[PDB]
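Asker: Protein chains in written order, with the entry's author numbering: chain AJ, 25 to 161; chain AF, 57 to 207; chain AQ, 2 to 118; chain AS, 1 to 112; chain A2, 2 to 53.
For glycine and all other residues, C-beta sits at the position ideal for the given N, C-alpha and C.
What follows is a single structure, and I will ask about it in a moment.
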Amino acid sequence: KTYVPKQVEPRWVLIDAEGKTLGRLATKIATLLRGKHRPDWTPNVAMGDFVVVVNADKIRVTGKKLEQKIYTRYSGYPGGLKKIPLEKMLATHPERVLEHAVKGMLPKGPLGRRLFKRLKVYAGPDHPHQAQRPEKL
Amino acid sequence: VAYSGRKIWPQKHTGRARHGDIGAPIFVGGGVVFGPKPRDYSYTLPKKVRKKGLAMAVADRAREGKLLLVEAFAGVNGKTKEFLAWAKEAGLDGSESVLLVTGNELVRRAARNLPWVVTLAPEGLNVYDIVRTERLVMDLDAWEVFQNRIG
Amino acid sequence: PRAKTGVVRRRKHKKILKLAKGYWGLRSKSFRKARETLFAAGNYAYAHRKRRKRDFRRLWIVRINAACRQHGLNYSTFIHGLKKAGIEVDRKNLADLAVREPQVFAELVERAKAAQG
Amino acid sequence: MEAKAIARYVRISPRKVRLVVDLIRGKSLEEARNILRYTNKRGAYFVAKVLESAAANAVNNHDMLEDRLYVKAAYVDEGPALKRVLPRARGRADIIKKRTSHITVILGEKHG
Amino acid sequence: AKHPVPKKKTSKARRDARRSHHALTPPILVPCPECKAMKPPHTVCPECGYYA
RNA sequence: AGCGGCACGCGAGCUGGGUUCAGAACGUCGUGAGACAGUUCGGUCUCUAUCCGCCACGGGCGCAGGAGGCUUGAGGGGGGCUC
RNA sequence: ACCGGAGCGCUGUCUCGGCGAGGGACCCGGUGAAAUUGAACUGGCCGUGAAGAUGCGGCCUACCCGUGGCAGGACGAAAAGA
RNA sequence: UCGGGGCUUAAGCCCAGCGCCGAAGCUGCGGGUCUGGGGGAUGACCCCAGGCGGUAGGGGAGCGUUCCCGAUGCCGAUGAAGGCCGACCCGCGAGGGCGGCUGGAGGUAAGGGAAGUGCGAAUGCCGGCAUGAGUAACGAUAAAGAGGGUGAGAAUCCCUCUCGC
RNA sequence: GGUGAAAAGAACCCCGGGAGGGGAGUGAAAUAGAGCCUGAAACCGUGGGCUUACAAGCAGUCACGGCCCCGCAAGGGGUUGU
Ligand SMILES: [Mg+2]
Ligand SMILES: [Mg+2]
Ligand SMILES: [Mg+2]
Ligand SMILES: [Mg+2]
Ligand SMILES: [Mg+2]
Ligand SMILES: [Mg+2]
Ligand SMILES: [Mg+2]
Ligand SMILES: [Mg+2]
Ligand SMILES: [Mg+2]
Ligand SMILES: [Mg+2]
Ligand SMILES: [Mg+2]
Ligand SMILES: [Mg+2]
Ligand SMILES: [Mg+2]
Ligand SMILES: [Mg+2]
Ligand SMILES: [Mg+2]
Ligand SMILES: [Mg+2]
Ligand SMILES: [Mg+2]
Ligand SMILES: [Mg+2]
Ligand SMILES: [Mg+2]
Ligand SMILES: [Mg+2]
Ligand SMILES: [Mg+2]
Ligand SMILES: [Mg+2]
Ligand SMILES: [Mg+2]
Ligand SMILES: [Mg+2]
Ligand SMILES: [Mg+2]
Ligand SMILES: [Mg+2]
Ligand SMILES: [Mg+2]
Ligand SMILES: [Mg+2]
Ligand SMILES: [Mg+2]
Ligand SMILES: [Mg+2]
Ligand SMILES: [Mg+2]
Ligand SMILES: [Mg+2]
Ligand SMILES: [Mg+2]
Ligand SMILES: [Mg+2]
Ligand SMILES: [Mg+2]
Ligand SMILES: [Mg+2]
Ligand SMILES: [Mg+2]
Ligand SMILES: [Mg+2]
Ligand SMILES: [Mg+2]
Ligand SMILES: [Mg+2]
Ligand SMILES: [Mg+2]
Ligand SMILES: [Mg+2]
Ligand SMILES: [Mg+2]
Ligand SMILES: [Mg+2]
Ligand SMILES: [Mg+2]
Ligand SMILES: [Mg+2]
Ligand SMILES: [Mg+2]
Ligand SMILES: [Mg+2]
Ligand SMILES: [Mg+2]
Ligand SMILES: [Mg+2]
Ligand SMILES: [Mg+2]
Ligand SMILES: [Mg+2]
Ligand SMILES: [Mg+2]
Ligand SMILES: [Mg+2]
Ligand SMILES: [Mg+2]
Ligand SMILES: [Mg+2]
Ligand SMILES: [Mg+2]
Ligand SMILES: [Mg+2]
Ligand SMILES: [Mg+2]
Ligand SMILES: [Mg+2]
Ligand SMILES: [Mg+2]
Ligand SMILES: [Mg+2]
Ligand SMILES: [Mg+2]
Ligand SMILES: [Mg+2]
Ligand SMILES: [Mg+2]
Ligand SMILES: [Mg+2]
Ligand SMILES: [Mg+2]
Ligand SMILES: [Mg+2]
Ligand SMILES: [Mg+2]
Ligand SMILES: [Mg+2]
Ligand SMILES: [Mg+2]
Ligand SMILES: [Mg+2]
Ligand SMILES: [Mg+2]
Ligand SMILES: [Mg+2]
Ligand SMILES: [Mg+2]
Ligand SMILES: [Mg+2]
Ligand SMILES: [Mg+2]
Ligand SMILES: [Mg+2]
Ligand SMILES: [Mg+2]
Ligand SMILES: [Mg+2]
Ligand SMILES: [Mg+2]
Ligand SMILES: [Mg+2]
Ligand SMILES: [Mg+2]
Ligand SMILES: [Mg+2]
Ligand SMILES: [Mg+2]
Ligand SMILES: [Mg+2]
Ligand SMILES: [Mg+2]
Ligand SMILES: [Mg+2]
Ligand SMILES: [Mg+2]
Ligand SMILES: [Mg+2]
Ligand SMILES: [Mg+2]
Ligand SMILES: [Mg+2]
Ligand SMILES: [Mg+2]
Ligand SMILES: [Mg+2]
Ligand SMILES: [Mg+2]
Ligand SMILES: [Mg+2]
Ligand SMILES: [Mg+2]
Ligand SMILES: [Mg+2]
Ligand SMILES: [Mg+2]
Ligand SMILES: [Mg+2]
Ligand SMILES: [Mg+2]
Ligand SMILES: [Mg+2]
Ligand SMILES: [Mg+2]
Ligand SMILES: [Mg+2]
Ligand SMILES: [Mg+2]
Ligand SMILES: [Mg+2]
Ligand SMILES: [Mg+2]
Ligand SMILES: [Mg+2]
Ligand SMILES: [Mg+2]
Ligand SMILES: [Mg+2]
Ligand SMILES: [Mg+2]
Ligand SMILES: [Mg+2]
Ligand SMILES: [Mg+2]
Ligand SMILES: [Mg+2]
Ligand SMILES: [Mg+2]
Ligand SMILES: [Mg+2]
Ligand SMILES: [Mg+2]
Ligand SMILES: [Mg+2]
Ligand SMILES: [Mg+2]
Ligand SMILES: [Mg+2]
Ligand SMILES: [Mg+2]
Ligand SMILES: [Mg+2]
Ligand SMILES: [Mg+2]
Ligand SMILES: [Mg+2]
Ligand SMILES: [Mg+2]
Ligand SMILES: [Mg+2]
Ligand SMILES: [Mg+2]
Ligand SMILES: [Mg+2]
Ligand SMILES: [Mg+2]
Ligand SMILES: [Mg+2]
Ligand SMILES: [Mg+2]
Ligand SMILES: [Mg+2]
Ligand SMILES: [Mg+2]
Ligand SMILES: [Mg+2]
Ligand SMILES: [Mg+2]
Ligand SMILES: [Mg+2]
Ligand SMILES: [Mg+2]
Ligand SMILES: [Mg+2]
Ligand SMILES: [Mg+2]
Ligand SMILES: [Mg+2]
Ligand SMILES: [Mg+2]
Ligand SMILES: [Mg+2]
Ligand SMILES: [Mg+2]
Ligand SMILES: [Mg+2]
Ligand SMILES: [Mg+2]
Ligand SMILES: [Mg+2]
Ligand SMILES: [Mg+2]
Ligand SMILES: [Mg+2]
Ligand SMILES: [Mg+2]
Ligand SMILES: [Mg+2]
Ligand SMILES: [Mg+2]
Ligand SMILES: [Mg+2]
Ligand SMILES: [Mg+2]
Ligand SMILES: [Mg+2]
Ligand SMILES: [Mg+2]
Ligand SMILES: [Mg+2]
Ligand SMILES: [Mg+2]
Ligand SMILES: [Mg+2]
Ligand SMILES: [Mg+2]
Ligand SMILES: [Mg+2]
Ligand SMILES: [Mg+2]
Ligand SMILES: [Mg+2]
Ligand SMILES: [Mg+2]
Ligand SMILES: [Mg+2]
Ligand SMILES: [Mg+2]
Ligand SMILES: [Mg+2]
Ligand SMILES: [Mg+2]
Ligand SMILES: [Mg+2]
Ligand SMILES: [Mg+2]
Ligand SMILES: [Mg+2]
Ligand SMILES: [Mg+2]
Ligand SMILES: [Mg+2]
Ligand SMILES: [Mg+2]
Ligand SMILES: [Mg+2]
Ligand SMILES: [Mg+2]
Ligand SMILES: [Mg+2]
Ligand SMILES: [Mg+2]
Ligand SMILES: [Mg+2]
Ligand SMILES: [Mg+2]
Ligand SMILES: [Mg+2]
Ligand SMILES: [Mg+2]
Ligand SMILES: [Mg+2]
Ligand SMILES: [Mg+2]
Ligand SMILES: [Mg+2]
Ligand SMILES: [Mg+2]
Ligand SMILES: [Mg+2]
Ligand SMILES: [Mg+2]
Ligand SMILES: [Mg+2]
Ligand SMILES: [Mg+2]
Ligand SMILES: [Mg+2]
Ligand SMILES: [Mg+2]
Ligand SMILES: [Mg+2]
Ligand SMILES: [Mg+2]
Ligand SMILES: [Mg+2]
Ligand SMILES: [Mg+2]
Ligand SMILES: [Mg+2]
Ligand SMILES: [Mg+2]
Ligand SMILES: [Mg+2]
Ligand SMILES: [Mg+2]
Ligand SMILES: [Mg+2]
Ligand SMILES: [Mg+2]
Ligand SMILES: [Mg+2]
Ligand SMILES: [Mg+2]
Ligand SMILES: [Mg+2]
Ligand SMILES: [Mg+2]
Ligand SMILES: [Mg+2]
Ligand SMILES: [Mg+2]
Ligand SMILES: [Mg+2]
Ligand SMILES: [Mg+2]
Ligand SMILES: [Mg+2]
Ligand SMILES: [Mg+2]
Ligand SMILES: [Mg+2]
Ligand SMILES: [Mg+2]
């Protein structure tokens, strides 16, 4: 009968964002958010590392993107569809662009959100120097 | 069924179901559908078969060794206690069901009230009664009658 | 001879109703609703029974692949090494060794890296 | 121990009186008499009626101390409804249930 | 009957949930100074009277 | 002094002039009963909203000690005319 | 008390709505129905599907329960299409 | 809005290679049933190979309900039928049995016979009870108020005065 | 259509205007109390165990996990978080 892990401790990680290609980084970030790298992986628990990102304001992204490529929010009201280009996202709160990527990469369930909270993204550098600052690339 | 043929309601725009009259079998108290009518359950079994059976019964009963022709009914005159004595001195301890076939009317009366004995006139010989009973005992004269039909 | 319904209907009903204990609302009180639900349930079980295997095969893979990843190679190549090295042993389930008794998993990694080329 | 008292066939809807009963469940006999003493519902009268009887039974039959007993539990049950025909428009007609209640109140000694 | 009608019998759960806010509150009472008895606040009550 | 979509948006929102019931008539066709997309006058439009949606307003709990007051503005709405 | 056209007088028919009165609606006490109802733990968009989806997919959104209101949807109710 | 996120020497397109994932297909292990073929003299039983999605429909084998023979029988107050409950035993299943509780007077083996014999839907029939809902409504907008009395209890009964129709 | 073998049909006391109950008493049984044998289901309610207020649902099913409960015990029952 297959092994079930018990209450273990979350491994807090720290990733430097600047230079990294947006989507490419998000993918790995997501994987870390779930277990999926720890061989005691369990799909219904929440055991992914606490990823911390810094210098997110400096994420690289190929092609025209920034100019083109737009994020759309929808208010409930008529015409309530807002459209905001990648450019202006970074202009203001930029950690958004990475978050909206990692979030869209997490499973959509009630667990998915638990995990989305373990992801801490900052304009960086610097952040809550709690405990582990295990540089990672 | 004793109801009226009247249509119970219009069957249109009433909004109710759709009906003809209370008599209908989907109605409670209505008439039965394929309920039983009185009838003749009898049929005419081939006489030759009726004979064989009567023989095979007597025969089956004879092979078992439970057949017994008699005659010396000293316990004549209808009286149970007397017949009891006769059967006593005859191996009929009332341990086995006896089909007592005989023409003797008084012998009949005697054995009659006994729970383990079925009396019977010779003309009434039938495979059913034969088979019901364990032992078969019959008057010599009656055995002649049985023989007349088949023997 | 008239044969009323009597016990028969009630009894066949109570049976199903037993099977439905625990279901939401009318779905465990109404015989007609109960049966309907059960119909669905039975079919689900039979199909989840088929899936259950297909489910663990997957779980194992990830756990194996996770251990292979930290051990240098990936699952794809790992299996190949093993499949080539004749070590048909490890049924993807028993590759739970990755979780406990890792030195054995490790031993099994080199066997695969050996069979590679 | 505990003392029961039931008034059956009270000509009033259960759902209605039930509102009053739930108001005094667990309460002490003292605050209870008061809660009904000044509750603004028809159910009060009936629930009070059975509550006071429960008390009498408690003491005159079980040596319980009046000034020491509470509402260990109480509940109201539905009795056979009185169905009546209400003439309606366009000749349509329908039945209206003048429902009915079975009010039970069971008292009990405080502590020991 | 005419025009709007309920599309479905409301469940046991839905009904009672609606009746969430049905529970009535107990009366508010205070002991009057005159007797040890209880009275609704700001109200004269029989079996006591008033100080003029 | 824009055109179009939304069951040529909208009758559990209204109207009911038009069309398309039973009355009547003109023309008209039919021996006829009747008929026509040819016309003409008359002609009953249903008090109660369960769910979703929507406009408003509360109760419950939540916001890692409890409380009084003052606030930040993520997110959303309104407004945008012209001589 | 027939159908068409016009004019005078007069007007909340209207521009264009406002205020007020009473009877209801609303709150409390008493009594207490109905049509309807597969079961319900019943959201939006874009698709999809017997071609008009709360129930399929993807995405977005959404603490739990009600009260007064509106009537777009549940191809709403009613009548086995006239 | 490419299913989404997201992707640019690609996560796009083309050419070549190696490996992996993966369906109820195929393999392994156990079980069932049918058919064919083998020993079993043998009824039993074992061995081997193969078949077993299914609507209309055809065929086969069973389960349960009422009644009859078996009944001048047998079971039954040391508790019949029926009811409620079970995580137990048997059966592929329809069911059968056991145990506990209720019930209080009948029940009917083996083996056979005969049918008013099995219900979820017929806007089915009868009865009970739900939902809408503490909702609409309380039946002419001629109109009420107060004191006193009666009474377990009074806006609603009696009396007096005042008001209105 | 049905109390019970028998009316032995509940004296008397207590709360209550009464109804209806609580004692007592009868009976083998009153969970046989009078529309009373057995008393199924829908339906209504009281108590208790598990559970639920960031969550999108034919209401189940598969897995794991927690709490509660039966065999101290390897097991099983209830519940439902993901
Ligand atoms: Mg990866
Ligand atoms: Mg995004
Ligand atoms: Mg997941
Ligand atoms: Mg999904
Ligand atoms: Mg979501
Ligand atoms: Mg007649
Ligand atoms: Mg007739
Ligand atoms: Mg007649
Ligand atoms: Mg007829
Ligand atoms: Mg006729
Ligand atoms: Mg006719
Ligand atoms: Mg009639
Ligand atoms: Mg018709
Ligand atoms: Mg209808
Ligand atoms: Mg019909
Ligand atoms: Mg009919
Ligand atoms: Mg009728
Ligand atoms: Mg009849
Ligand atoms: Mg009759
Ligand atoms: Mg025949
Ligand atoms: Mg002949
Ligand atoms: Mg004589
Ligand atoms: Mg004599
Ligand atoms: Mg004699
Ligand atoms: Mg005799
Ligand atoms: Mg005789
Ligand atoms: Mg005899
Ligand atoms: Mg004779
Ligand atoms: Mg005879
Ligand atoms: Mg039947
Ligand atoms: Mg329920
Ligand atoms: Mg139920
Ligand atoms: Mg596999
Ligand atoms: Mg009464
Ligand atoms: Mg309570
Ligand atoms: Mg009373
Ligand atoms: Mg008393
Ligand atoms: Mg006592
Ligand atoms: Mg209650
Ligand atoms: Mg009733
Ligand atoms: Mg009326
Ligand atoms: Mg009417
Ligand atoms: Mg009606
Ligand atoms: Mg009603
Ligand atoms: Mg409830
Ligand atoms: Mg409840
Ligand atoms: Mg113009
Ligand atoms: Mg124009
Ligand atoms: Mg237009
Ligand atoms: Mg337009
Ligand atoms: Mg169109
Ligand atoms: Mg068009
Ligand atoms: Mg058109
Ligand atoms: Mg147009
Ligand atoms: Mg047109
Ligand atoms: Mg319109
Ligand atoms: Mg209209
Ligand atoms: Mg119109
Ligand atoms: Mg309409
Ligand atoms: Mg006109
Ligand atoms: Mg027209
Ligand atoms: Mg029309
Ligand atoms: Mg006309
Ligand atoms: Mg012509
Ligand atoms: Mg002609
Ligand atoms: Mg013409
Ligand atoms: Mg023409
Ligand atoms: Mg024309
Ligand atoms: Mg003209
Ligand atoms: Mg004309
Ligand atoms: Mg007119
Ligand atoms: Mg007209
Ligand atoms: Mg008119
Ligand atoms: Mg008109
Ligand atoms: Mg009119
Ligand atoms: Mg109408
Ligand atoms: Mg009205
Ligand atoms: Mg509502
Ligand atoms: Mg809805
Ligand atoms: Mg609603
Ligand atoms: Mg809404
Ligand atoms: Mg709110
Ligand atoms: Mg609030
Ligand atoms: Mg504060
Ligand atoms: Mg201040
Ligand atoms: Mg202030
Ligand atoms: Mg702002
Ligand atoms: Mg403004
Ligand atoms: Mg704006
Ligand atoms: Mg005229
Ligand atoms: Mg004129
Ligand atoms: Mg004129
Ligand atoms: Mg003039
Ligand atoms: Mg003039
Ligand atoms: Mg004028
Ligand atoms: Mg204005
Ligand atoms: Mg005025
Ligand atoms: Mg007003
Ligand atoms: Mg008001
Ligand atoms: Mg009211
Ligand atoms: Mg939920
Ligand atoms: Mg909900
Ligand atoms: Mg589009
Ligand atoms: Mg589809
Ligand atoms: Mg369309
Ligand atoms: Mg659509
Ligand atoms: Mg699907
Ligand atoms: Mg959807
Ligand atoms: Mg949405
Ligand atoms: Mg409110
Ligand atoms: Mg209200
Ligand atoms: Mg509302
Ligand atoms: Mg609407
Ligand atoms: Mg893609
Ligand atoms: Mg993604
Ligand atoms: Mg890219
Ligand atoms: Mg080429
Ligand atoms: Mg080439
Ligand atoms: Mg080649
Ligand atoms: Mg090739
Ligand atoms: Mg290959
Ligand atoms: Mg493979
Ligand atoms: Mg696949
Ligand atoms: Mg398979
Ligand atoms: Mg297989
Ligand atoms: Mg096999
Ligand atoms: Mg086999
Ligand atoms: Mg089979
Ligand atoms: Mg075959
Ligand atoms: Mg064979
Ligand atoms: Mg062979
Ligand atoms: Mg052979
Ligand atoms: Mg053999
Ligand atoms: Mg041999
Ligand atoms: Mg042979
Ligand atoms: Mg086979
Ligand atoms: Mg198939
Ligand atoms: Mg049979
Ligand atoms: Mg039957
Ligand atoms: Mg019978
Ligand atoms: Mg007997
Ligand atoms: Mg006898
Ligand atoms: Mg026995
Ligand atoms: Mg006894
Ligand atoms: Mg027994
Ligand atoms: Mg017993
Ligand atoms: Mg029994
Ligand atoms: Mg029961
Ligand atoms: Mg056991
Ligand atoms: Mg056993
Ligand atoms: Mg079998
Ligand atoms: Mg078999
Ligand atoms: Mg069974
Ligand atoms: Mg059984
Ligand atoms: Mg059983
Ligand atoms: Mg007993
Ligand atoms: Mg029998
Ligand atoms: Mg047999
Ligand atoms: Mg038999
Ligand atoms: Mg048979
Ligand atoms: Mg038989
Ligand atoms: Mg047989
Ligand atoms: Mg037979
Ligand atoms: Mg029949
Ligand atoms: Mg049926
Ligand atoms: Mg009846
Ligand atoms: Mg009845
Ligand atoms: Mg009736
Ligand atoms: Mg009915
Ligand atoms: Mg019901
Ligand atoms: Mg009702
Ligand atoms: Mg009703
Ligand atoms: Mg109700
Ligand atoms: Mg009310
Ligand atoms: Mg009202
Ligand atoms: Mg009234
Ligand atoms: Mg009225
Ligand atoms: Mg007065
Ligand atoms: Mg006086
Ligand atoms: Mg007075
Ligand atoms: Mg009194
Ligand atoms: Mg009274
Ligand atoms: Mg007065
Ligand atoms: Mg009055
Ligand atoms: Mg008698
Ligand atoms: Mg009497
Ligand atoms: Mg008494
Ligand atoms: Mg006493
Ligand atoms: Mg007294
Ligand atoms: Mg009274
Ligand atoms: Mg009394
Ligand atoms: Mg005592
Ligand atoms: Mg007693
Ligand atoms: Mg009992
Ligand atoms: Mg008991
Ligand atoms: Mg009597
Ligand atoms: Mg009576
Ligand atoms: Mg009664
Ligand atoms: Mg009961
Ligand atoms: Mg009862
Ligand atoms: Mg019951
Ligand atoms: Mg219940
Ligand atoms: Mg309960
Ligand atoms: Mg409960
Ligand atoms: Mg417990
Ligand atoms: Mg949120
Ligand atoms: Mg489904
Ligand atoms: Mg488990
Ligand atoms: Mg567990
Ligand atoms: Mg613990
Ligand atoms: Mg414990
Ligand atoms: Mg369990
Ligand atoms: Mg679940």
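Exposed or buried, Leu65 (chain AS), counting other C-beta atoms within 10 Å across all chains shown (16 or more means buried)?
Answerer: With fewer than 16 Cβ atoms within 10 Å of its Cβ, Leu65 (chain AS) is classed as exposed.
Asker: With a 10 Å radius around its C-beta and 16 neighbouring C-beta atoms as the bar for buried, classify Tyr70 (chain AS) as buried or exposed.
Answerer: The residue in question, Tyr70 (chain AS), is buried, as its Cβ has 16 or more Cβ neighbours within 10 Å.
Asker: So if I threshold CB-CB distances at 8 Å, which residues from the segment 37-57 of chain AQ count as touching chain AJ?
Answerer: Flagged, chain order: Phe57.
Asker: Alpha carbon to alpha carbon, how far is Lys25 (chain AJ) from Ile62 (chain AQ)? Give it in angstroms, no decimals.
Answerer: Going from the Cα of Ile62 (chain AQ) to the Cα of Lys25 (chain AJ) covers about 15 Å.
Asker: Indicate whether at least one CB of chain AS lies closer than 8 Å to the CB of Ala53 (chain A2).
Answerer: Chain AS contact via Cβ: absent.
Asker: Does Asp197 (chain AF) come out as helix, strand or coil in the three-state DSSP assignment?
Answerer: It is helical.
Asker: Could you check whether the Cβ of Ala18 (chain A2) sits closer than 8 Å to any Cβ belonging to chain AS?
Answerer: Taking Cβ atoms only, chain AS never reaches closer than 8 Å to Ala18 (chain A2), which makes this a no.
Asker: Where does the unbroken alpha helix (DSSP H) through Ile65 (chain AQ) begin, and where does it stop?
Answerer: It spans 32-71 - the alpha helix (DSSP H) in which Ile65 (chain AQ) sits, taken as one unbroken run.
Asker: If you follow the beta strand (DSSP E) that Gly108 (chain AS) is in, where does it begin and where does it stop?
Answerer: It spans 101-109 - the beta strand (DSSP E) in which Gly108 (chain AS) sits, taken as one unbroken run.
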